[PDB]
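Okay, so here's just one chain, in structure tokens, the form deposited in one PDB entry.
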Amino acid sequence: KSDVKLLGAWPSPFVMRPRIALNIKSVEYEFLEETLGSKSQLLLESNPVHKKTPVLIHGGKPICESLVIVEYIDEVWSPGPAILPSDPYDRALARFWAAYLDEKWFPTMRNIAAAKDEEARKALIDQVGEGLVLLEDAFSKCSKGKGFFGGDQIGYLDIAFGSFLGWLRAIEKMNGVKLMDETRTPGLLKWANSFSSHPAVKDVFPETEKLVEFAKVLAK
């Protein structure tokens, strides 16, 4: 446990990702929580560049960036279940879509809240919805009719996309929209229960109402 420490604000999609990976590999670790109102001194010297979490500390060495940490964990604990696909092409697709999610989709969803007008807001929501259609199609190709983006087994892209599910539902609820439905995202609807119920996920997965009430705390 003391060999592996995870620095993280909570709740957070990015912090959730290494927690799931560690769970998949059955790795004991201590969770160091960053508390609201200040950056810890350990954070400031572990991640001096970005000053944010997650930071995995493995034998007093810091690894930053949530996806970089997931692949680090996959590689170091290579005995355990594979997190990334084994085929080079499948891995490239998995990395491609996680990058899309982090650089384009989630920033767009998070911008909804800051929209100035109802037109701007609607535009953003439409864009989040179109990204889901893209992700439904990616799920079809990646899953091959199995449970997960990773196939029969939870994988890297499940972790990247699933980490945001709680925030997707909160923003759906708070904006009064259904972005993920049976007509346009039937596979993702099913996968979202498979993911959130997964043994390596369910104890670190947030109640939607929790995140809604928490967004209201943050509003300061």
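From 1 onward, residues are counted along the sequence shown.
**Student:** Comparing 174-182 with 157-165, where is the mean C-alpha B-factor higher?
**Tutor:** That would be 174-182.
**Student:** Decide which of the stretches 116-124 and 103-111 has the higher mean C-alpha B-factor, going by the entry.
**Tutor:** Stretch with the higher mean C-alpha B-factor: 116-124.
**Student:** Which third of the chain does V27 land in by C-alpha B-factor: lowest, middle or highest?
**Tutor:** Within its chain, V27 is a middle-third residue by C-alpha B-factor, going by the deposited values.
**Student:** Looking at the entry's B-factor column for C-alpha atoms only, identify whether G145 ranks in the lowest, middle or highest third of its chain.
**Tutor:** Answer is highest: the recorded C-alpha B-factor places it there.
**Student:** Ranking the modelled residues of this chain by C-alpha B-factor as given in the entry, is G37 in the lowest, middle or highest third?
**Tutor:** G37: CA B-factor falls in the highest third of its chain.
**Student:** According to the PDB entry, is the CA B factor of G131 in the bottom, middle or top third of its chain, that is, lowest, middle or highest?
**Tutor:** Tercile = lowest for this residue's CA B-factor.
**Student:** Which third of the chain does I69 land in by C-alpha B-factor: lowest, middle or highest?
**Tutor:** Lowest third - that is where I69 ends up once the chain's C-alpha B-factors are sorted.
The form deposited with a small molecule bound is left out here; the points below concern that form.
**Student:** Please pick out the stretch from 178-186, 38-46, 152-160, 24-32 that is in contact with the small molecule in the deposited complex, where contact means heavy atoms within 4.5 Å.
**Tutor:** Residues of 38-46 come within 4.5 Å of the partner.
**Student:** Is there a non-hydrogen atom of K52 within 4.5 angstroms of a non-hydrogen atom of the small molecule in the deposited complex?
**Tutor:** The answer is yes: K52 has a heavy atom within 4.5 Å of the small molecule.
**Student:** Taking the small molecule as it sits in the deposited complex, is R17 in contact with it (heavy atom to heavy atom, 4.5 Å or less)?
**Tutor:** Yes.
**Student:** Please check if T208 has a heavy atom lying within 4.5 Å of any heavy atom of the small molecule in the deposited complex.
**Tutor:** Judged by the heavy-atom cut-off of 4.5 Å, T208 is well away from the small molecule in the deposited complex.
**Student:** Using 4.5 Å between non-hydrogen atoms, is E65 touching the small molecule in the deposited complex?
**Tutor:** Within the cut-off, so yes.
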